[PDB]
Amino acid sequence: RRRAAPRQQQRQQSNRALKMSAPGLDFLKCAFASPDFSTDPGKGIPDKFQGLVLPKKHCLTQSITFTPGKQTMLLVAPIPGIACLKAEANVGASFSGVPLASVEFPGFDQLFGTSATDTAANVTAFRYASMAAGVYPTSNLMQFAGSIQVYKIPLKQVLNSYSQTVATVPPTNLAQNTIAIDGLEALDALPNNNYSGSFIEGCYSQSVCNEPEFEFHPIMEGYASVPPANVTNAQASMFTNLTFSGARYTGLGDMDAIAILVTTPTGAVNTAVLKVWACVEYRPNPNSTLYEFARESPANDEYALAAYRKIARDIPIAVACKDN
Amino acid sequence: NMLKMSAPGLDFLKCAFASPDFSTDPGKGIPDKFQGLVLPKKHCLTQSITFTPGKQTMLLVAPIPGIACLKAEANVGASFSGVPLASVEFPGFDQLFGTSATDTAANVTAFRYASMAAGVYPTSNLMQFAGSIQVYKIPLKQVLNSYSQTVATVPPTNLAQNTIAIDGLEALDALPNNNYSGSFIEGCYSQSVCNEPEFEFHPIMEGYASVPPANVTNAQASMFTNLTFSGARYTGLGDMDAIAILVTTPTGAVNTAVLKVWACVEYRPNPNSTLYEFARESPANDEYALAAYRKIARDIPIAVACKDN
Amino acid sequence: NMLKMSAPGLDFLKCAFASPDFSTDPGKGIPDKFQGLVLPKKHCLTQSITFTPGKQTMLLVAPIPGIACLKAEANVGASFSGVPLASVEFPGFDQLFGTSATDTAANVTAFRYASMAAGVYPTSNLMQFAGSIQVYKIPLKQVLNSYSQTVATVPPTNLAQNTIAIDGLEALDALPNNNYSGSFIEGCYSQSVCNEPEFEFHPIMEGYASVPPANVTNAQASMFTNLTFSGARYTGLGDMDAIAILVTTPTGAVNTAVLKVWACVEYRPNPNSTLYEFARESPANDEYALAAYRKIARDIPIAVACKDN
Amino acid sequence: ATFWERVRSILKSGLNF
Amino acid sequence: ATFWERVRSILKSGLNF
Amino acid sequence: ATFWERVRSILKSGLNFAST
């Protein structure tokens, strides 16, 4: 048979047609095995809060072509509308000034709207249930070359301070603030907690909640880039900047960012298909269309949450394509 | 038969759901993990309201420390877009948060909500009432929104500014299916529950005379309408979903009632205030009270008529 | 043995309350339901202090990452109003947070407090001293306060600005009912406990060389005194009550001692740091360890003589 | 019936936990 | 094999202790 | 009287109470 051959060595992606609460089990399936399931958004989080929520499952299927002689960063951060942020840098270089550009999940404008000036219109708050990503290579075995390495970055949002002197009769100094994101320096790091492997076996990784409890965050308006318009990385006291073009920075969830560093050497044809999964619980605004689809967050399942923490501990940092 | 809850935990349930049906609101804080010193104040606004005929009047019961609710009128069928929501304070504001917003955190440093409820008791007779009372709940949340402002200098300089704003006010113009719609002479009664997993403390803000702070445009704050607190000031927003009560009165009808707003809030007393001597510890964790809290929360109707409070 | 206290859970108790009773602090982290990779630093400042005669000296032990405490002096009976509190840094600041606090979040991006304790070990002669040590606890909270600044443009433009500030500082002048008063010769020993239901993480703030940031008036920030961090910088405020130690020393009295401050903080290592190699997983949730924590914390005194530490 | 009487019935009906 | 089957054996080896 | 022995006497007194 012509294709039983390099078919399977490049991963397949989708084929269609113990005492826990069902939603608690579903929570686990979603958190750790999203690809194995094409099902509706698992009810949400089997945690204390039992109010009206809109369980939404975000999925991005997008083919990527990595440029030769450059390491490309696919930062999967828990930002509401956006799937991931991408950046490229020469093989030995640092992503210092390098802006990380957004790759949004489908239908951003129906949820958050065109301008950030109206993002919290349909949804006022969010919370992250899961976040997973996988890179399925579609290159031939005779031309690829390179490595996929994965590790996690604990980036958290802060309100930094800077002083800006405004020109006037006698110049004046303004004590200014700016929202920024910590730990971006980690883009240049390869922690002792990484997955290094050949490019031909793309990865699969997922992150879990980095906080004792799953709390609700408000949806931020007016933010088109992380260090907002008219603020320099230096003023915002941050490493590099995050840019969102047809989207806007909506906020940061409580998950560690999955950092996938694909490094394609000169002359290598490295292409793949990136898939990102993320279940976010949003508090629907009575003024939206999707308010009708809102359902109550599942009842607290202390056992599901207990398994969540164990399964998360023995789990590998990242795995190869075939084992997702 | 089988209520194995700690007394304060049970009392917490009476406090949250059935505020008016006891001799005194049992009144003990959230029976959760935190056991520090708390000053639990049981606020209650008992006011006689006469609804203006020819307009819809919004009584937004939001979890803001000193203020009972925010009120605003609009012609029947009109939209509260540029319509400011004015503060209807709970009694004794100046005695807790001081006169100015510059001495607001003098007696209290942080807060956290234990209960929120409201009731409209019609006092019109069968020959003068007319209209409806509709109740639904909005999920208001506080945000730090961004906007750029141009300062007129030699070359005009653009500044990156922020504003403490509130998300979700757009719902102030849309009646969701999750609502109670009834005639005026069967006033409502609703109570909201906690917005999150844990009941965490919130600091008490100072200098806020209105939500979009003074000098910020409603649009710069990316807000729908603004909330104005005269005398009283914006102290913060709690973790309860705002209870929105909309009374529509036609021209020629006399809709009078007795508005009542309840709210037991746990405050962190400032060692410097005389009120510190009334402070007591928070009740110890009662997983049963907190488990019942949420089942009762689920099986509870958005609002009921007066008679079932 | 079905269910007993996990060793790390028990160790968490030793760490929190009896910090100096063992060979080395058994701080294995917090038996909290977060099992992520953390880097726990057991901070400890051992310093010889000699209290200035004729003045009250405030040693405010607040939960600020790299700083041990804030020191300020005022005449006996005077108010610590305009008086700024200066930082007394825990050793090794430049190593963790950096030289300029624009690097501050380079090794660690977030923190959360496990323990906080202070002790004054008087080294004065028995016929040399005179005075008293008093300990009470202040519930300071961080807030985003508003203020308006009119800029000298042709048509002077007013700006609606904000600043980060700490609440409840007025307590510096208070002796609450929850205090410990005693002779100087028997110093004190006091610890703080988490003032929230959960131990949430906090981002590490950069650019703050003083609480009311540089160029913000104390009054604009709506606070009563300011905190000044020279060299080191304001990194954030943890979820614990500041331990307020007030040593009032008379004229001619020679009050000398050894100030010791302990604080085990769980930090989240930046993958770009060399320290992210000493990092370990936070211990597993131990509901019984946490249960005892909250109980023991309720039954211990505010402070003790430095002999029952 | 008062709100408390109904809060009761919900309790009486069952809580597994 | 699939992360789900893998998840189960961890969960199933004995989550309680 | 090490603060630990003090602490010990407290939970030894009877922290058995409850937990869940």
# chains A, B, ... in the order shown; residues from 1 in each chain; ligands from 1
>>> residues_around(residues="segment 38-43 of chain C", least_positions_apart="2", cutoff="7 Å", atoms="only C-alpha atoms", output="ChimeraX atom specification")
/C:29,36,45,90,262-269,278-282
>>> write_last_selection(atoms="N, CA, C and O atoms", output="short mmCIF file (atom, residue, chain, number, x, y, z; two decimals), in the first residue's frame")
data_model
loop_
_atom_site.label_atom_id
_atom_site.label_comp_id
_atom_site.auth_asym_id
_atom_site.auth_seq_id
_atom_site.Cartn_x
_atom_site.Cartn_y
_atom_site.Cartn_z
N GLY C 29 7.69 24.15 52.77
CA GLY C 29 6.66 24.79 51.97
C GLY C 29 5.31 24.83 52.66
O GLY C 29 5.25 24.68 53.89
N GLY C 36 2.78 23.02 42.38
CA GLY C 36 3.68 23.48 41.34
C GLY C 36 5.09 23.66 41.85
O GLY C 36 5.34 23.58 43.05
N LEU C 45 17.04 37.79 59.42
CA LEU C 45 17.93 38.92 59.67
C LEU C 45 18.29 38.89 61.14
O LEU C 45 17.41 38.81 62.00
N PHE C 90 16.39 42.30 54.43
CA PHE C 90 16.80 40.95 54.77
C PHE C 90 18.08 40.83 53.96
O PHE C 90 18.20 41.40 52.87
N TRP C 262 12.32 36.52 60.94
CA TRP C 262 12.25 35.32 60.12
C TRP C 262 11.10 35.40 59.13
O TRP C 262 10.06 35.97 59.45
N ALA C 263 11.25 34.76 57.98
CA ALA C 263 10.20 34.75 56.97
C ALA C 263 10.46 33.73 55.86
O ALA C 263 11.35 33.93 55.04
N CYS C 264 9.71 32.63 55.87
CA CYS C 264 9.85 31.62 54.82
C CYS C 264 8.86 31.97 53.73
O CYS C 264 7.65 31.91 53.95
N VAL C 265 9.38 32.36 52.57
CA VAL C 265 8.55 32.75 51.45
C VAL C 265 8.69 31.74 50.32
O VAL C 265 9.78 31.25 50.06
N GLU C 266 7.57 31.38 49.70
CA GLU C 266 7.59 30.47 48.57
C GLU C 266 7.58 31.36 47.35
O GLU C 266 6.68 32.17 47.17
N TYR C 267 8.62 31.24 46.53
CA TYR C 267 8.75 32.04 45.32
C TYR C 267 8.63 31.16 44.10
O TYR C 267 8.97 29.97 44.15
N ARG C 268 8.17 31.73 43.00
CA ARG C 268 8.06 30.99 41.76
C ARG C 268 9.26 31.38 40.92
O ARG C 268 9.37 32.52 40.47
N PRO C 269 10.21 30.45 40.76
CA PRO C 269 11.44 30.65 40.00
C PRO C 269 11.26 30.94 38.52
O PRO C 269 10.45 30.31 37.84
N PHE C 278 17.27 24.87 42.37
CA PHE C 278 17.18 24.59 43.79
C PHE C 278 15.69 24.40 44.08
O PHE C 278 15.30 23.89 45.13
N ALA C 279 14.87 24.81 43.12
CA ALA C 279 13.42 24.73 43.20
C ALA C 279 12.89 23.31 43.40
O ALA C 279 13.41 22.36 42.82
N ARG C 280 11.85 23.19 44.21
CA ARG C 280 11.21 21.91 44.51
C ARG C 280 9.71 22.11 44.43
O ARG C 280 9.23 23.23 44.33
N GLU C 281 8.96 21.01 44.44
CA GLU C 281 7.50 21.07 44.36
C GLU C 281 6.91 21.47 45.72
O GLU C 281 7.44 21.08 46.77
N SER C 282 5.85 22.28 45.71
CA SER C 282 5.18 22.68 46.95
C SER C 282 4.59 21.38 47.49
O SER C 282 4.21 20.48 46.72
#
>>> residues_around(residues="segment 204-219 of chain A", least_positions_apart="5", cutoff="8 Å", atoms="only C-alpha atoms", output="number ranges by chain")
A: 31-32, 47, 119-120, 123-135, 150, 152, 250-251, 253-258, 312, 317-321, 323-324; B: 141-143, 167, 196-198; C: 32-34, 36, 198-201
>>> calpha_fit_rmsd(fixed="chain E", moving="chain D")
1.3 Å
>>> residues_around(residues="residue 16 of chain D", least_positions_apart="6", cutoff="12 Å", atoms="only C-alpha atoms", output="MDAnalysis selection string")
(chainID A and resid 21 299:301) or (chainID B and resid 288 291:292 295)
>>> select_by_dssp(residues="segment 209-240 of chain A", states="strand (DSSP E or B)", output="PyMOL selection string")
chain A and resi 209+217-218+225
>>> write_last_selection(atoms="N, CA and C atoms", output="short mmCIF file (atom, residue, chain, number, x, y, z; two decimals), in the first residue's frame")
data_model
loop_
_atom_site.label_atom_id
_atom_site.label_comp_id
_atom_site.auth_asym_id
_atom_site.auth_seq_id
_atom_site.Cartn_x
_atom_site.Cartn_y
_atom_site.Cartn_z
N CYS A 209 -3.44 24.60 36.43
CA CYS A 209 -3.59 25.76 37.28
C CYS A 209 -2.40 25.95 38.22
N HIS A 217 -11.26 36.23 36.75
CA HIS A 217 -10.54 37.45 36.40
C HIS A 217 -11.41 38.25 35.48
N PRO A 218 -11.36 39.58 35.58
CA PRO A 218 -12.17 40.46 34.74
C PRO A 218 -11.53 40.60 33.36
N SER A 225 -1.74 45.91 23.15
CA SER A 225 -0.42 45.27 23.26
C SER A 225 -0.21 45.17 24.76
#
>>> atom_distance(atom1="atom CA of residue 53 of chain C", atom2="atom CA of residue 74 of chain C")
10.8 Å
>>> select_by_dssp(residues="chain D", states="helix (DSSP H, G or I)", output="list in words")
residues 3, 4, 5, 6, 7, 8, 9, 10, 11, 12 and 13 of chain D
>>> residues_around(residues="residue 50 of chain B", least_positions_apart="3", cutoff="8 Å", atoms="only C-alpha atoms", output="PyMOL selection string")
chain B and resi 254-257
>>> interface_residues(of="chain C", to="chain E", cutoff="12 Å", atoms="only C-alpha atoms", output="PyMOL selection string")
chain C and resi 1-6+284-286
>>> interface_residues(of="chain C", to="chain A", cutoff="6 Å", atoms="only C-alpha atoms", output="list in words")
residues 33, 34, 102, 109, 203, 205, 206, 207, 215, 270, 271 and 272 of chain C
>>> write_last_selection(atoms="N, CA and C atoms", output="compact mmCIF listing (two decimals), in the first residue's frame")
# COMPACT_ATOMS: atom_id res chain seq x y z
N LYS C 33 -3.14 23.13 48.37
CA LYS C 33 -3.52 22.41 47.15
C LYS C 33 -2.87 22.87 45.84
N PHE C 34 -1.68 23.45 45.92
CA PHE C 34 -0.95 23.90 44.75
C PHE C 34 0.30 23.05 44.87
N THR C 102 14.32 47.03 38.45
CA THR C 102 13.80 47.01 37.11
C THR C 102 14.22 45.61 36.63
N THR C 109 9.28 35.49 39.90
CA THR C 109 8.19 36.27 39.32
C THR C 109 6.96 36.44 40.21
N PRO C 203 2.33 38.81 42.14
CA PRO C 203 3.39 39.16 41.20
C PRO C 203 4.41 40.03 41.89
N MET C 205 6.39 43.20 41.93
CA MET C 205 6.37 44.56 41.42
C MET C 205 7.73 45.20 41.17
N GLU C 206 7.84 45.87 40.04
CA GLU C 206 9.08 46.51 39.63
C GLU C 206 8.89 48.02 39.49
N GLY C 207 9.93 48.77 39.84
CA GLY C 207 9.89 50.22 39.71
C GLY C 207 9.44 51.02 40.92
N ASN C 215 7.53 60.76 43.07
CA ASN C 215 6.78 61.88 42.49
C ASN C 215 5.30 61.97 42.87
N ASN C 270 12.04 31.90 38.04
CA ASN C 270 12.03 32.30 36.65
C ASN C 270 12.95 31.28 36.00
N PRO C 271 12.48 30.58 34.95
CA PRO C 271 13.28 29.57 34.25
C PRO C 271 14.63 30.07 33.74
N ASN C 272 14.79 31.38 33.69
CA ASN C 272 16.03 31.98 33.20
C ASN C 272 17.05 32.17 34.32
>>> residues_around(residues="segment 4-15 of chain F", least_positions_apart="2", cutoff="7 Å", atoms="only C-alpha atoms", output="PyMOL selection string")
(chain C and resi 18+21+292+296) or (chain F and resi 1-2+17)
>>> interface_residues(of="chain A", to="chain E", cutoff="9 Å", atoms="only C-alpha atoms", output="list in words")
residues 18, 28, 29, 32, 33, 34, 35, 36, 306, 307, 308, 310, 311, 314, 315, 322, 323 and 324 of chain A
